[PDB]
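For reference, the structure discussed in these notes is given below.
Note: hydrogens, waters and symmetry copies are ignored here, and every other heavy atom, side chains too, is used. In what follows, every chain begins at residue 1, and chains take the letters A, B, ... in the order their sequences are listed.
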Amino acid sequence: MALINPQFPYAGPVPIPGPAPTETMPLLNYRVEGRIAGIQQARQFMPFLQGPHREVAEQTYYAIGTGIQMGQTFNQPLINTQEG
Amino acid sequence: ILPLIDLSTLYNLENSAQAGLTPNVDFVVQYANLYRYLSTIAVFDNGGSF
């Protein structure tokens, strides 16, 4: 967006020496076929386990029984003959 | 799961040795095709003197 100087104008570009025209043109680089080499193993001996863990520990229980329940020799009360 | 382009591309380190230098004349070492050069290192062994 330059302003044209009317007192000192200039013309378009003139030819100048050039950079040997084939040396600015590249070759198209020619890929050969390739292979991810080797026979891959199916599994890996991992350093960490792959499953979930638990944040807190919960107390577990198992039921037990008591035993054969016996009789008893109670201390027996007195007879309510109007004193009680 | 493999980054297939990253495993097929190599990343290499190579060194060379050019000779036949003339004082005050441009010695040119051309970069070759197919390589994407990341760094150049030039060592001027000036006949056992650095």
Side-chain angles (χ1 to χ4, degrees):
Chain A
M1 282 73 75
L3 297 163
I4 286 175
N5 200 334
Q7 209 185 11
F8 304 94
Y10 49 86
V14 296
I16 43 173
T22 47
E23 203 168 3
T24 67
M25 310 170 175
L27 293 190
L28 264 72
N29 259 337
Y30 204 80
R31 272 172 178 199
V32 310
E33 63 185 358
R35 160 166 267 175
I36 301 287
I39 305 166
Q40 286 157 30
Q41 61 199 51
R43 201 182 288 177
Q44 41 195 350
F45 206 85
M46 283 161 156
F48 307 109
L49 270 80
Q50 281 201 302
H53 310 260
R54 303 209 280 124
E55 321 176 16
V56 293
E58 198 189 41
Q59 171 77 64
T60 52
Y61 302 96
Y62 61 95
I64 61 175
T66 313
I68 306 179
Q69 283 165 341
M70 305 191 299
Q72 275 146 337
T73 64
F74 297 96
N75 292 130
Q76 295 192 301
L78 303 184
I79 301 299
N80 194 0
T81 61
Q82 287 83 21
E83 296 219 280
Chain B
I1 310 173
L2 302 167
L4 288 179
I5 289 177
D6 296 333
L7 300 180
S8 70
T9 307
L10 315 190
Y11 161 58
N12 311 90
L13 277 300
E14 285 182 352
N15 58 340
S16 198
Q18 301 289 321
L21 294 103
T22 318
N24 307 101
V25 193
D26 289 1
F27 194 93
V28 193
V29 187
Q30 274 274 322
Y31 289 102
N33 296 20
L34 183 78
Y35 291 173
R36 320 196 283 273
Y37 291 88
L38 305 156
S39 72
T40 311
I41 283 175
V43 176
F44 197 31
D45 187 15
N46 218 10
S49 303
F50 291 87

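- Residue A:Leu78 qualifies as open at atom CG: its count of foreign heavy atoms under 6.0 Å is 12 or below.
- When all heavy atoms of B:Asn12 and B:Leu10 are compared, the pair lying nearest together is OD1-CB, 3.5 Å.
- Here the closest heavy-atom approach between residue A:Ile4 and residue A:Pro6 is recorded as O-CD, 3.3 Å.
- Around the CD atom of A:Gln59, the shell of radius 6.0 Å holds more than 12 heavy atoms that belong to other residues, nucleotides or ligands.
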Under 3.5 Å, sequence neighbours excluded: what are the donor-acceptor pairs made by side chains of residues 18-46 of chain B?
| from | atom 1 | to | atom 2 | distance (Å) |
| --- | --- | --- | --- | --- |
| B:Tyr31 | OH | B:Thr40 | OG1 | 2.5 |
| B:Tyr37 | OH | B:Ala32 | N | 3.2 |
| B:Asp45 | OD1 | B:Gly48 | N | 3.0 |

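- Side chain of B:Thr9 to main chain of B:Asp6: no donor-acceptor pair is present (N/O by atom type, distance under 3.5 Å, no hydrogens or angles).
- Here the closest non-hydrogen pair linking A:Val56 and A:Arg54 is O-NH1, 3.2 Å.
- For the residue pair A:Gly84 and A:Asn80, the shortest heavy atom distance occurs at N-OD1, 4.2 Å.
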